[PDB]
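First up is the structure itself, then whatever we jot down about it.
Sequential numbering from 1 along the given sequence is applied to the chain's residues. Every heavy atom of this structure was used, including side-chain atoms; hydrogens, water molecules and symmetry mates were not. For ligands, and for the atoms within them, numbers begin at 1 and follow the listed sequence.
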Amino acid sequence: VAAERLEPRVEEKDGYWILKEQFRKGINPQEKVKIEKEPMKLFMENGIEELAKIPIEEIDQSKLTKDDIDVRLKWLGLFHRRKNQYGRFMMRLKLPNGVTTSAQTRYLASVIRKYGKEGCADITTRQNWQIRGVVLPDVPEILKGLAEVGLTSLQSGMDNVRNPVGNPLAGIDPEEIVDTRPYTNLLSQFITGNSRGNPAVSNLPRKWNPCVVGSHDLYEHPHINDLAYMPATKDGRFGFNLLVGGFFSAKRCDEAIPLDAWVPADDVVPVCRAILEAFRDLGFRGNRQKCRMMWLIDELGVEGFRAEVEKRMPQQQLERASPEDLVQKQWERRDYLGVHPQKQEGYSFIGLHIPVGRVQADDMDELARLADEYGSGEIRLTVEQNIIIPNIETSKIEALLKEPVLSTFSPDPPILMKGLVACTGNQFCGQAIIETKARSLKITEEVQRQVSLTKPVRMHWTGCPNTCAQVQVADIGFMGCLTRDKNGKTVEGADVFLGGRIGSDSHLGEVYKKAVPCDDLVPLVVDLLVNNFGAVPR
Ligand code: SRM
Ligand code: SF4
Ligand SMILES: O=N[O-]
Ligand SMILES: [Cl-]
Ligand SMILES: [Cl-]
Ligand SMILES: [K+]
């Protein structure tokens, strides 16, 4: 790699970071959108106030404003559902470590309730909330309401640092390695500039996923993050070994690799900043399929990339990885659904199944009520799109288990439901090839009616090759496609994936059988379960 390749390609100008004049040749259309107008201005200079007043039909008549609502608004966490729910916006939060309060949950419920049949909410595969039904004129008030309850939606889409994932059992599990909440909180504060916006990290070449590990179970999926912090003691000091570059895409899926770097626990934010600065400064900005950070690491080599991180650290110090980390490889991933004792004597948490992560306003209010009556007003989200209510006095559990709402959001659903994960799909997502959430529930119910099993088989349904529902981590994955029935008629189908393993012995699954009509999946899946996962026909 020539020295010229290492010249930073962006510069700070008037509070924002912009591509230098000589580094604009050959850039992709999204890079052009970012040059034409700085997306962060919609929040940081309150551009949204006047934009929200323009009728959407008028907005669509000019490129600048159409790009504002379809692209730039994703820096404020607002996602126009142009194709499938025209004129409505999904809104996505920052929710480090998946932690919410009952007051926040009620606020979110109040927003979606206004929109009737156009509103609902979802738990995401980054243990985050999305709300639906939002209309542009309401955006300024919703932004204010979020701030009022201590939430932000900043920088949650497009070329930004995505939700910091941590251990859903942080602070409460007897078996935790280290409480991840202080670290994910710090990362979210850094990323969003304490909810004011942080332009230094909002003009990346592409999305970028961080997580902090605190569990032997590796609930945080460090192998598929751009930056994963692996807890490790080095020379008698607590800190983290760093994994970099994990990502999924239509073109390529790759597990994170060692940076060969250890940082003291206090250097979590400094090293996140250094890595993001290197990616921002040096990453390719052409073909969008080749802009994730792993492509930079491959171009420079991991050592070349490491040197770029090192030079951006305070005092330019970046120690080599600790020979061992704290994660025990002898481990069986633990079910968190149901009632479990906390490390705090006399307290339990309860994991509740949320079928395919989908809730309505009334459901959110009920869950918030349970969290207040039984817990400490806290609701935790998981990356399997479930919930945990922590800090419940154990003597209250008997009463809790009788609550009517638990017949719907159950502490002990059938085993295949416990592991079921499904993305948005074509109900709302414009890229989706198939419907996912209703279909996945229907097929899973039919499969479980036919077989019993004891292995915790994890089934993931994703609607298109973007693989937001991570089919490559599943025991059995389903990637949406169009295919043909016996008569040659167009039907919805799935490409079926096998081989995904999570935890310390992680492995990426691969296509097993392409183009299976969705109507033909039940017998295929039943046989796979019997033949490979010890399932027994009923
Ligand atoms: C909601 C969520 C799926 C879910 O049902 O849980 C989701 C939904 C969308 N993803 Fe995703 N992604 C979700 C996690 C993921 C993950 C999983 C993860 O982070 O562990 C991946 C794969 C891992 C990765 O990125 O390395 C993922 C890979 C993508 C990609 C492909 C990335 C790439 O490099 O090619 C896109 C398309 C893009 O960004 O160009 C994308 C694009 C989208 C959009 C924003 C597309 C669009 O605007 O319609 C989807 C919004 C649909 C909607 O209305 O909900 N989504 N997306 C997840 C929100 C996470 C969050 O809270 O921030
Ligand atoms: S995997 Fe495809 S269909 Fe599913 S939410 Fe992501 S972009 Fe939409
Ligand atoms: O929002 N999925 O990158
Ligand atoms: Cl996006
Ligand atoms: Cl769309
Ligand atoms: K779920």
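- In terms of protein heavy atoms, atom 6 (O) of ligand 1 is closest to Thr125 N, 2.9 Å.
- Where the criterion is an N or O separation shorter than 3.5 Å, residue side chain and backbone included, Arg132 meets it with respect to ligand 1.
- Residue, atom and distance of the protein heavy atom nearest to atom 2 (Fe) of ligand 2 are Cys464 SG, 2.3 Å.
- The shortest contact between atom 34 (O) of ligand 1 and any protein heavy atom is with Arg292 NH1, 2.9 Å.
- Among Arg288, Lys74, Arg292, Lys207, the single residue meeting the salt bridge (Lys or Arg N to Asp or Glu O under 4.0 Å) criterion with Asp159 is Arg288.
- In terms of protein heavy-atom proximity, atom 55 (O) of ligand 1 is nearest to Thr424 OG1, 2.6 Å.
- Residue-to-ligand polar distances place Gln470 within reach of ligand 1: an N/O pair is separated by less than 3.5 Å.
- A 4.5 Å side-chain heavy-atom check between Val99 and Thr184 finds every atom pair outside the cut-off.
- Nearest residue to atom 11 (Fe) of ligand 1 from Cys468, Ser156, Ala469 is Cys468 (criterion: closest heavy atom).
- When only interatomic distances are considered, the shortest N/O to N/O separation between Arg126 and ligand 1 falls below 3.5 Å.
- Ranking the protein heavy atoms by distance from atom 39 (O) of ligand 1 puts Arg206 NH1, 3.2 Å first.
- Closest protein heavy atom to atom 35 (O) of ligand 1: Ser249 CB, 3.3 Å.
- Cation-pi geometry between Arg252 and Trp295 is satisfied (NZ or CZ under 6.0 Å from the ring centre, within 45° of the ring normal).
- Between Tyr229 and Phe240, the angle of the ring planes goes over 60°, which puts this pair in the perpendicular group of the 30/60° scheme.
- At least one heavy atom of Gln385 sits less than 4.0 Å from an atom of ligand 1.
- The closest approach between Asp122 and ligand 1 stays at or above 4.0 Å for every heavy atom of the residue.
- In this structure, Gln289 falls outside the shell of residues with a heavy atom less than 4.0 angstrom from ligand 1.
- Proximity of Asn426 to ligand 2, defined as any heavy-atom pair under 4.0 Å, is not found for any part of the residue.
- In the model, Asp60 has a side-chain atom that pairs as donor or acceptor with a side-chain atom of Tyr86 under 3.5 Å.
- Remark: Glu36 CD is packed, more than 12 non-hydrogen atoms of other residues, nucleotides or ligands lying under 6.0 Å away.
- For the residue pair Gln427/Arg132, the side-chain donor-acceptor check at 3.5 Å is not satisfied.
- Listed by atom number, the atoms of ligand 1 under 4.0 Å from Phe247 heavy atoms are 26 (O).
- Evaluated by nearest non-hydrogen atom to atom 48 (O) of ligand 1, the leading choice among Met90, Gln431, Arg81 is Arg81.
- Across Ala250, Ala469, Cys423, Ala422, heavy-atom proximity to atom 5 (S) of ligand 2 is greatest for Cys423.
- Classification of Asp67 and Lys63 as a salt-bridged pair holds, one side-chain N sitting under 4.0 Å from a carboxylate O.
- Under a cutoff of 6.0 Å and an axis angle of 45°, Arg439 and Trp461 do not form a cation-pi pair.
- Near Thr467, meaning under 4.0 Å from any of its heavy atoms, are these atoms of ligand 2: 1 (S).
- Here the heavy atom of the protein found nearest to atom 25 (O) of ligand 1 is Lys207 NZ, 2.7 Å.
- When hydrogens are left out, the protein atom nearest atom 1 (S) of ligand 2 is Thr462 OG1, 3.1 Å; that is the closest non-hydrogen contact.
- Considering each of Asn209, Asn84, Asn225, the one bringing a non-hydrogen atom nearest atom 24 (C) of ligand 1 is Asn209.
- The heavy atom nearest to atom 3 (S) of ligand 2, considering only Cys468, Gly430, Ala432, is found in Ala432.
- With respect to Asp122, the side chain to side chain donor-acceptor pair (under 3.5 Å) criterion is satisfied by exactly one of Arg358, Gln130, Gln385: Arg358.
- Summary of contacts: the protein heavy atom closest to atom 7 (S) of ligand 2 is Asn466 ND2, 3.3 Å.
- The number of heavy-atom neighbours closer than 6.0 Å to OH of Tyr512, taken from other residues, nucleotides and ligands shown, is 12 or below.
- Nearest protein heavy-atom neighbour of atom 1 (C) of ligand 1: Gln130 OE1, 3.2 Å.
- Within the 4.0 Å cut-off (strictly below), a protein heavy atom is located near atom 13 (C) of ligand 1.
- With a cut-off of 2.8 Å, atom 6 (Fe) of ligand 2 has no N, O or S atom of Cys429 in range.
- Of all protein heavy atoms, the one closest to atom 23 (C) of ligand 1 is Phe248 CB, 3.8 Å.
- Residues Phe190 and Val201 meet the side-chain proximity criterion, which asks for heavy atoms closer than 4.5 Å.
- Across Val421, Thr124, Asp70, heavy-atom proximity to atom 59 (C) of ligand 1 is greatest for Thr124.
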